[PDB]
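Understanding the architecture of this molecule
Spelled out from the first residue to the last, the chains are:
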Amino acid sequence: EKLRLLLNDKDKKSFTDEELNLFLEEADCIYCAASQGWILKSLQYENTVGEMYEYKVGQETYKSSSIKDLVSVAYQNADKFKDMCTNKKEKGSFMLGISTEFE
Amino acid sequence: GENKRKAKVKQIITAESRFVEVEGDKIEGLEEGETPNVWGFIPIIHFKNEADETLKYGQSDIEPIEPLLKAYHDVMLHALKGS
């Protein structure tokens, strides 16, 4: 199932199936749709991990990766998926003939 | 006068006689139908330029050069358009 593959290309439940179907309809190849999904997922880090990357309270301190690093990783994933899709699409160089009638 | 006259005329010329018929308005000079020839030969001479035994009609001197004329026109027109 294409949608299951796309979820496995995006670490599963952050979107709902309607968005995934819309992405698949956006581009025929799954990897371009996955790249677009990754770009859109990079937006959602503003809520998943807010700007507060580090905090200390009581005897506990937790230092999460800042939002810039996470979006950088998301864009890197999107770029890799786009490159893989173009690799699937792009063909090599060619040389062909020419002919025009004459009399 | 000021009247227009249309006349399609067909005529067969033979050594024994010449036939003529008109499909259209009249022509005063021509007597319709078969009229005998005063002499027993056809009064028309065929000229056959570049005659060949296997060809009924003669061949114009332009025919060999015609494809070269077409090529010359093609080259000249293409050059003028490009220029």
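Look a little higher up for the structure.
Residues numbered from 1 in each chain as written, not as in the entry; some residues may be left out. Chains lettered and ligands numbered in written order. Part of a larger assembly, values for the part shown. Heavy atoms only, no water. Residues with missing side-chain atoms left out of burial classes, pairs and counts.

**Considerations on the environment of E63 of chain B**
Residues and elements named next belong to chain B. Relative to the helices and strands, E63 is located in helix α1 (residues 62-82). Since its relative accessible area comes to 45%, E63 is described here as partly exposed. For the pair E63 and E50, spaced 13 residues apart in the sequence, the C-alpha separation amounts to 11 Å. (Helix = DSSP H or I, 4+ residues; strand = E, 2+ residues; numbered from the N terminus. Buried < 20%, exposed > 50% of the residue type's maximum accessible area, 1.4 Å probe, protein only.)

**With respect to the packing of helix α3 (residues 30-43) of chain A against helix α5 (residues 67-89) of chain A**
All names here are of chain A. For the pair α3 and α5, the least separation of the axes is 8 Å and the interaxial angle reads 170°. Relative to α5, the element α3 lies roughly antiparallel. From α3, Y31, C32, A34, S35, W38, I39 and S42 reach across to α5, where they touch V71, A74, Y75, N77, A78, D79, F81, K82, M84, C85 and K88. Its residues assigned to classes, the contact of α3 with α5 comprises 12 nonpolar, three polar and three charged. (Axes fitted to C-alpha atoms, helices over the stretch in contact; angles between N-to-C directions. Parallel < 35°, antiparallel > 145°, perpendicular 65-115°, else oblique. Contact = heavy atoms within 4.5 Å. Nonpolar A, V, L, I, M, F, W, Y, C, P; charged D, E, K, R; others polar.)

**Focus on the pairing of strand β2 (residues 60-63) of chain A**
Residue and element names in this part refer to chain A. By the bridge criterion, four bridges tie strand β1 (residues 54-57) to β2 in an arrangement that is antiparallel. From the neighbouring strand, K56 faces β2, where its bridge partner is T61. The turn joining β1 and β2, which pair antiparallel and follow one another in sequence, is formed by two residues; a positive phi near 60° is taken by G58. (Pairing = 2+ DSSP bridges.)

**Overview of the side chain of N37 of chain B**
Residue and element names in this part refer to chain B. Relative to the helices and strands, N37 resides in the loop between β3 (35-36) and α1. Within polar-contact distance, the side chain of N37 engages the backbone oxygen of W39 at 3.1 Å. With near-sequence residues (within four places) excluded, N37 lies in contact with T14, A15, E16, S17 and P43. (Polar contact = N/O pair within 3.5 Å; in protein donor to acceptor, adjacent residues only side chain to side chain.)

**With respect to the pattern of salt bridges**
All names here are of chain A. All told, the structure shown has one salt bridge over all chains when counted by the stated rule. Where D17 meets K13, a salt bridge forms, and the shortest distance between an N and an O atom there is 3.7 Å. By relative accessible area, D17 is classed as partly exposed at 39%. (Salt bridge = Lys/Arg side-chain N within 4 Å of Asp/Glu carboxyl O.)

**Structural notes on the nonpolar core**
All names here are of chain A. By size, the foremost hydrophobic cluster in this structure holds 15 residues, and its most contacted members are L6, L20, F23, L24 and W38. When residues of this core are traced back to their parent elements, those giving at least two are α1 (2-8), α2 (17-26), α3 and α5. Broken down by element, the residue count for this core peaks at four residues, all from α3. Aside from chain neighbours lying at most four places away, what touches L24 is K2, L3, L6, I30 and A33. (Core = buried A, V, L, I, M, F, W, Y, C linked by side-chain atoms within 4.5 Å.)

**Considering the sheet that holds strand β2 (residues 17-24) of chain B**
On the basis of which strands lie adjacent, the open sheet formed by three strands has the order β1-β2-β3 (chain B) and antiparallel pairing. Only two strands of the sheet have a single partner each, and these edge strands are β1 (7-13) and β3 of chain B.

**Comments concerning α2 of chain A**
Residues and elements named next belong to chain A. The complete set of buried residues in α2 reads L20, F23 and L24. End-on, the buried residues of α2 take up no more than an arc of 100°, which puts them together on one face. Away from its buried face, by an angle of more than 90 degrees, α2 presents the exposed residues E18, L22, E25 and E26. Taken together, the buried residues of α2 touch α1 and α3. (Arc of directions from axis to C-beta.)

**Observations regarding a nonpolar patch on the surface**
Residues and elements named next belong to chain A. A grouping of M52, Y55, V57 and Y62 is seen on the molecular surface, where their side chains present a nonpolar patch of about 420 Å² in accessible area. Structurally, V57 can be placed in strand β1. By relative accessible area, which is 45% here, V57 ends up partly exposed. (Patch = residues over 30% accessible without salt bridge, like charges linked within 9 Å, V, L, I, M, F, W, Y side chains within 5 Å. Areas by Shrake-Rupley, 256 points an atom, 1.4 Å probe, with all protein chains shown as cover.)

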